[PDB]
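>>> Sequence, then structure. It's an experimental one.
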Amino acid sequence: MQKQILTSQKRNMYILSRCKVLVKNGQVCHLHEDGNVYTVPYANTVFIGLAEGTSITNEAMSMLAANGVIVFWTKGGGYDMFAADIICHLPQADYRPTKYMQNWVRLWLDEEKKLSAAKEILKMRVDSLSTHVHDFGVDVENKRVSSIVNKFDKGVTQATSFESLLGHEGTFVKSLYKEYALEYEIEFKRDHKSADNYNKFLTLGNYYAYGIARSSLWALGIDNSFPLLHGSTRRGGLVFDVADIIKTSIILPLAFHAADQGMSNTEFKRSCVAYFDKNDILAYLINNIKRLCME
Amino acid sequence: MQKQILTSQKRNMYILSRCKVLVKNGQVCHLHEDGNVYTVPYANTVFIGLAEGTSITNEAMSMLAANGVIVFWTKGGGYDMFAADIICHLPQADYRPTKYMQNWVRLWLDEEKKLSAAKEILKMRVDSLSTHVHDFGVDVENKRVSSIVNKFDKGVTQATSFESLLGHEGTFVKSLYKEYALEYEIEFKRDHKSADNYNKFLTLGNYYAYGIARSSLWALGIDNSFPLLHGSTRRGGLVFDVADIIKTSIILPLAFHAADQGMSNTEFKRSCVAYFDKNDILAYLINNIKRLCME
Amino acid sequence: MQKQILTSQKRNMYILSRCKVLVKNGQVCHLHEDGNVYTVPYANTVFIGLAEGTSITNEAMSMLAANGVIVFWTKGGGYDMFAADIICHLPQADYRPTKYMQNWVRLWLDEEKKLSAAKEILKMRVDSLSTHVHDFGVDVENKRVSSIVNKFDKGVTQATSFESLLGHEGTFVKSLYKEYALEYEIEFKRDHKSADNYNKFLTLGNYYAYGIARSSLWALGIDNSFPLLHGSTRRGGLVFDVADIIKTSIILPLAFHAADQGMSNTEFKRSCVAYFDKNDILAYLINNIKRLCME
Amino acid sequence: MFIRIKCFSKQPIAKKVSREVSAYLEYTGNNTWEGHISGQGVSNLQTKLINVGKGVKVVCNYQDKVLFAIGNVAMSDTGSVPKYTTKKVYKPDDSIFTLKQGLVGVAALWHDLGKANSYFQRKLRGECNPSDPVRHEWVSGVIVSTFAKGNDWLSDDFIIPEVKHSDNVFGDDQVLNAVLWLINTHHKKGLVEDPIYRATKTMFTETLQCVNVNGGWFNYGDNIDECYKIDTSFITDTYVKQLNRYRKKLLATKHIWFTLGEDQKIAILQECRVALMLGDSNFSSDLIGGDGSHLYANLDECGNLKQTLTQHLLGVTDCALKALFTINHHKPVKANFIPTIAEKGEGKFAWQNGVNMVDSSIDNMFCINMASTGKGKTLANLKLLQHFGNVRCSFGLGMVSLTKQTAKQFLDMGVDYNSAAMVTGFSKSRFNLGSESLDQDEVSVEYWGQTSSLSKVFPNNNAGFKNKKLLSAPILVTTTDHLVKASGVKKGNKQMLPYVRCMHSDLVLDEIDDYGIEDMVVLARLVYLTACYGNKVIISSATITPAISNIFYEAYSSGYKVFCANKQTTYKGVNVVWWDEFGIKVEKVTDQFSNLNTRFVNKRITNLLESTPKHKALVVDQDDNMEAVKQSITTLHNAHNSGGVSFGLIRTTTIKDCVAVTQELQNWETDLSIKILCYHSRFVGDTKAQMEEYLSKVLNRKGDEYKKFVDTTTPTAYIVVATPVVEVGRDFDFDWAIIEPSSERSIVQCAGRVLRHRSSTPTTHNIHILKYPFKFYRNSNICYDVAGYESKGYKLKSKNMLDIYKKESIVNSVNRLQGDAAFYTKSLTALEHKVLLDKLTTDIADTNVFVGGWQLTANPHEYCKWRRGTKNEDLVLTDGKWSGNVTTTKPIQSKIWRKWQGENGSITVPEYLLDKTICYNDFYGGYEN
DNA sequence: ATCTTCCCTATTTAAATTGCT
DNA sequence: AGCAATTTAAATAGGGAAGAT
Ligand SMILES: [Mn+2]
Ligand SMILES: [Mn+2]
């Protein structure tokens, strides 16, 4: 494996569905019931999600974890309404760098430093918006998005608690959900259990940003049991805290565009790889979480 | 095959080998090598392990995680785990780090509890030596070994700094190395690069010790970035610090016996996991970490 | 062959260099002087070209002609200023549509009608500029380009003789070539016997526009032997009017961009395919001669 | 258009497809081509890649979606191009496939035991009547029933016992009864004449016990004793071991048979019967040559003795087993990814982006497309089919010309003949004249296409042109009668081809309201059968009645229950997609369909009502409808005209009514310049077709091209007197219409023939409804039964349309969309809705839609007849000379605007009017004079 | 069970030669 | 000179069995 592609420099990501994942001739490959064995670039894979009807052997996990691939399952607590337990195995056989845990927990225990870090990660939402622009959807520089970003920053500046924070999240996300919906001419209510494409593509992008966020966390050694946002509806830990940096900048525009431009699940999945490697979002989140812990 | 490991008091770390785990008639079972299905009771197990030759499916994964049975992927033997998720307080109701984890963090932070816990980990390492008495190895009650034990006890009790504890730990470890070299009629000097039987057998036994200490640290949710003796820049130093407890008590006599009789590596693996299963070495490490972190 | 792809929707486009063009096992291909046999898609080829060291056979030429692929030979220029003579095999075995040739003849024989067609075709290059705007190079709607095409349109409106058209043709070519030179910050002189990349990329685009123009003329049955613009300098046939309608709109900015970015000739071949395919320049030329013929 | 073609092929079928795919694309190496080409280039590449032979393994990708997949190449489920491809994948408790295998194998080794009687031997040799007294399927059933009553029929030695004449062979054992029904109905289903049995029998065996020998098998019955004296020469090696292995297969799997539901048993036994006729006809079609003598089954074309009964039974068994395997394990060939569909709809097609609100991964879908006409309904149906992936559908439409219109839309938008197959099974002689080269129309019958793998299990490699177009079509744009035979037939093997067609393909039925009530019943039977195999039903009807939409949903729900419990999956419900031009709504509906459907209907009504009223109808007060037609023509010309020129449509009910209105209007003295056309259906091939093309080109009002097909310079009243042939499938736009009332859906449809293309609102009134139908003067007891849902069981208390309709009313689909069961005896709309819920009900009855227990019998194909019409004999005009009692006559030549002459063709005359001369005429076709 | 190595197993591609036009 | 028929042979794919963890 020589040096092994840095995990920020891995570009392939997969969520396999209705297959038996195994190893043939040393190959991570998923076999469907039609007799088709598709290989996976395991030394270049960021994550492999496993949907319903999936199965994986031991050796496939053995040479995915040796190559640093995070494997999660989309069922269990994967109904995304409670978002309690998306079953997500990490490769902890590799002994990770430690200093990001140290600076992360120094700021975690200190509640005032946790509050300030939460504000930085809430500002990372609008930072993501500005950095990652899309040319097939909402312009970030129009009056509504600039007004709501200004309102979000002036609310999160004067914030006092995590209950006040939970509320600012409600506003940003819900109103960005809505602002897209009115510009995409669709009455839209976010529902993880909804059948319309505007929600199934959104849940697929939720799993994709879950994988990117969890790979960015594990890269630095950061776990999930140390979240910055505490609330009643914020069950799920730090992986959703990192992942909702890039809902409204990446996952939500791609999902809305996909649904509006009638993409299929496969091409939305691919549009997600194209945006996650063209702008290098994994290295973005990894470097930005280094900025978050730092001292 | 089916293997039971007691870990804390009542929950059992099940290890499954050469079997296909799925859902039959609404509950999790597994077809084994002999073509006979075996079910699993949800009440008596929390950790379930997937050894070599083992595949699990998606709805089995989901129903296992919905019953509080949290799954990990391991190399065959049950003490070489490479893939898992993080223990919470409850798997479905909430997401909080375990009390053990938080206690460890707090103890590590304040300098006095970190020094006291470093002294305590070496106290229990001397306890481990006596507790796990071998047959082929040297007598722990022998006058030279007891003199080394009392020298280590005096040195740990009278020390006020970590580098003194590192020098004393190295003196104790290599003094036990010298004692076992005096037993087995050889000039033994500990180097990882040597290709002789004693050094490489001790190296792969140390890797087994790192694996079982990693399982013990994971099973209480203790993260791999808070070492007691080793430095903050040492990657996975807590695995090495916990494995130090059983490196000179269990791994060293088994490795020197293995190099004395000169048998091959797989049967040394089966001797190591037989000693782990017979005397509940993982349960000893689990109770050790509970007594360290609870204080 | 059912409905052979209408010539205007034929897409492939080559100039073959240092290879003998033959037929293997059914398909037309070209074999270079190292053993490499690359197939030609003759059913979708617009034209092929033959550079130095090329040699086509009989049944290959037949399979190109019966499918309707116009074939020329690039070399033959022997003067100091002019692309002298390009030898071009017309597929006349396909019997052509007739009344478009009758319309071209009824405008060619009447001198005032030829002058009127000369007028509209001189402003056709002006509207070509306006329609086909590249992303690189100059912007068409700047003050200098609009001033020179306005002076060109004002002068060609009041023109009454073909020698005045030739003079205004010369000032137009000098104006564009030099403005592109200014943009790309180079000194430019159009010599077909020059080693500078802005020149032989322009001769390669001369060959490309020649092939496009004979395919457009042959698609409506128009011969090269009816030049509506004629003179001492301008003696090439109708190909030197329907070929340089699209110099300063398509080829010359593409040639300057290819000589500015400076990779090999193959990126220029593929860029000519890409722009002649994306904007449908062949169908655009055919439809323009269509609205010429019936007016 | 940029495509990429990859080859999976072995042989030199990686070589002689390489010539064609290297004629159109550049070679990127490693048997992969990639390049730019046009859509017609894609069509040419398809046509010369499929025709080059069998074994072509080609996958094409346009951008990243798969364009096409030649063969049964697995290609892409998620990623594309597998690698270590293999066999052995899932191996489940398949259960019901083992059940179908055991039933088909056990029955197929027993399906022709009854040819061993001496009567069938002298029938094949030819010294007696070729029609048996009792059919050999019933004799074999008697053999199997007697063997089951004597010995244990599942695990014993066979030995054929001494059998007698039995009136019934059906007992109580559910599995034996399944085998007996498969044996007896391997040629035709039993027919039950009994009214009490038809009234009460519902279950599987409880209906099957009423299937006696008198239901078609017992022809005449004088040589019964010779028909039941039987030899036992079948006891050989391979027959006995095949019977033993299949009987034990059934023995091992019949434990899951009792865990099935009634719906399952019916659908599974229908599949078993279809596979059994497939194997039987496949082995009966080919000539095997060899024989072991002393017993025979079939005859060749020369009448010689061939196909001895032991190897005939063995061949029918293996062919039916192979039929079952290929029909139960097929990944069928789907259509191309049409690139002109997937982009956005613009303007009035902007509602077609409702497919971006539907899930692309749903296994089932029940679309109710309530969008109005002119919005591109069929294009939206194709868009909905392509939203889930590649398309495999059967566009079943009424009329030949509507299938032609949908085919022409499919051709000019994006679909070639490698994916589309227009099927009209009559070979009409309506050709396009003027210019063959400058046509750019007249969609024809070629189907370059791709032959499916199911053709090898059909008799004699399916058939020639027609059945190859039926079975192998990815998209089958067909007349509907090539699909309604899937639910079952009286006599023969005509069920299997639409059955196997609808098994692996979706079903798209457009404007189902124009069909008859029994036609809609058998269409919802087809919907249930299509949903039985997980395919998706798209219904596209704007004027849907809740009753219809409900019973079609319930048919789809019973079918999806069959499909859900067939694959041992828990039934979550049906993905219902309500759709119109104002929105879409996708809900997982397992119950409470009625409130959601009526809420969508009310939302569509409120989205129709705030728009401007386009059809204001006034019911006239003038009793006599002749002079009511006169006064209404004068009034609506004086109110609705385009500079003195107006177009009127006199919609009447029947043909002699049409010629009565025409002959009155021609003799009507007025200052108006009336120019009269007759537009009914009784016309000769030439004349009729000519009327169609003229009317379609003069009533086109999207542009002013019609000003040149009529004399619009002089103020003229262009009047078209027509029967209900104008209100179905005609893209006509009249300035105004005068309607003889027959049904309310006729009112809504003839409102749709007025201002269909324009958007200008009428000021006063554009429809004048007559006071009475003309049958009031002929039958005052019942007058609306002709072209209406009035009948002898549903009689209006009053026939006055002031009593049964609003005097001033904005006519739209709202009255049909709402649904009212109360006051059906004195309003037309509630009369309509009543009948629709009282015939298409959620019962099984015998002529109903949930039919269970009777699918086993021939009853739903006899008492519910698709296109039930009158006797209908055809008087044929041959070169100007008529055949029967026709007598050409001369029309009134007063106001005829256009009259086309005819020389060939045929007219369809009911047997009632055959008694007298139909008196064919050049202007108006058939009448009573 | 999973996966690997190896032995059939023959099925499957590539080259080679050579009259024939 | 391209091709076709037709041999000849090298290699590719797969299935079964046995040995490892
Ligand atoms: Mn028969
Ligand atoms: Mn038969």
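Sure thing, it's come through. Numbering: from 1, shown residues only, chains lettered A, B, ... in the order given. Ligands and ions are numbered 1, 2, ... in the order given.

>>> which non-adjacent residue is nearest the residue nearest to the spatial centre of chain A?
The centre of chain A sits closest to residue A:209, judged by C-alpha atoms, centre = their mean, with a distance of 1.9 Å. Nearest non-adjacent residue to residue A:209, counting by C-beta to C-beta, 6 or more residues apart in numbering or on different chains: residue A:243, 4.2 Å away. Where C-beta positions appear, they are placed from N, C-alpha and C, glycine not excepted.

>>> How many neighbouring residues does residue D:544 have?
Using other C-beta atoms under 10 Å in any protein chain shown, residue D:544 has 25 other residues around it.

>>> mind checking the SS state of it?
Here residue D:544 is coil, with the state taken from DSSP: H, G, I helix; E, B strand; the rest coil.

>>> so what's it up against?
D:368, D:370, D:513, D:816-817 (C-beta atoms under 8 Å, 6 or more residues apart in numbering or on different chains).

>>> Pull the most distant pair out of those residues.
Farthest pair in these (C-beta to C-beta) is D:368 and D:816. Separation: 13.9 Å.

>>> so can I have JSON lines of the contacts of residue D:544 showing neighbour count and distance to DNA strand F?
Converted to JSON lines, those look like this (neighbours: other C-beta atoms under 10 Å in any protein chain shown; distance: C-beta to the nearest atom of the strand, whole Å):
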{"residue": "D:368", "neighbour count": "25", "distance to DNA strand F": "44"}
{"residue": "D:370", "neighbour count": "24", "distance to DNA strand F": "49"}
{"residue": "D:513", "neighbour count": "20", "distance to DNA strand F": "52"}
{"residue": "D:816", "neighbour count": "25", "distance to DNA strand F": "57"}
{"residue": "D:817", "neighbour count": "22", "distance to DNA strand F": "56"}
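
>>> Give me the subset of those residues that lies in helices.
D:816-817 (DSSP state H).

>>> For the nearest residue to residue D:131 once chain neighbours are set aside, give me the backbone phi and psi.
Leaving aside its sequence neighbours, residue D:131 sits nearest to residue D:219 (C-beta to C-beta, 6+ apart; 5.6 Å). Torsion angles at residue D:219 (phi, psi; degrees, to the nearest 10) stand at phi -70, psi -70.

>>> and if you look at residue D:676?
When quoted as degrees, to the nearest 10, the phi and psi of residue D:676 stand at phi -100, psi 140.

>>> now do the one 4 residues further on
With angles defined as degrees, to the nearest 10, residue D:680 shows backbone torsions of phi -100, psi -170.

>>> Which residue comes closest to it once chain neighbours are left out?
Closest to residue D:680 by C-beta to C-beta, 6+ apart is residue D:723, at 4.3 Å.

>>> hang on, the earlier thing: among the contacts of residue D:544, find me the one that's closest to chain A.
Ranked by distance to chain A (C-beta to the nearest C-beta), the contacts of residue D:544 are led by residue D:368 at 16.0 Å.

>>> So what's the residue count around residue D:798?
Close neighbours of residue D:798, defined as other C-beta under 10 Å, add up to 11.

>>> Wait, it touches residue D:828, no?
No - if you go by C-beta atoms under 8 Å, residue D:798 and residue D:828 don't touch, sitting 10.8 Å apart.

>>> can you map out the helices along chain A?
Assigned by DSSP H, the helices in chain A fall at A:58-65, A:99-109, A:111-131, A:143-157, A:162-183, A:197-220, A:238-243, A:252-260, A:265-278, A:281-293.

>>> do you know which of the ones you listed lies nearest residue C:250?
Closest approach to residue C:250 among these (C-beta to C-beta): helix A:265-278, 29.2 Å.

>>> Contacts for the closest one next, please.
A:11-13, A:15, A:46, A:132, A:200-201, A:204-205, A:208, A:212, A:250-251, A:254-255, A:257-258, A:263, A:281-282, D:63-65, D:76, D:78, D:360-361.
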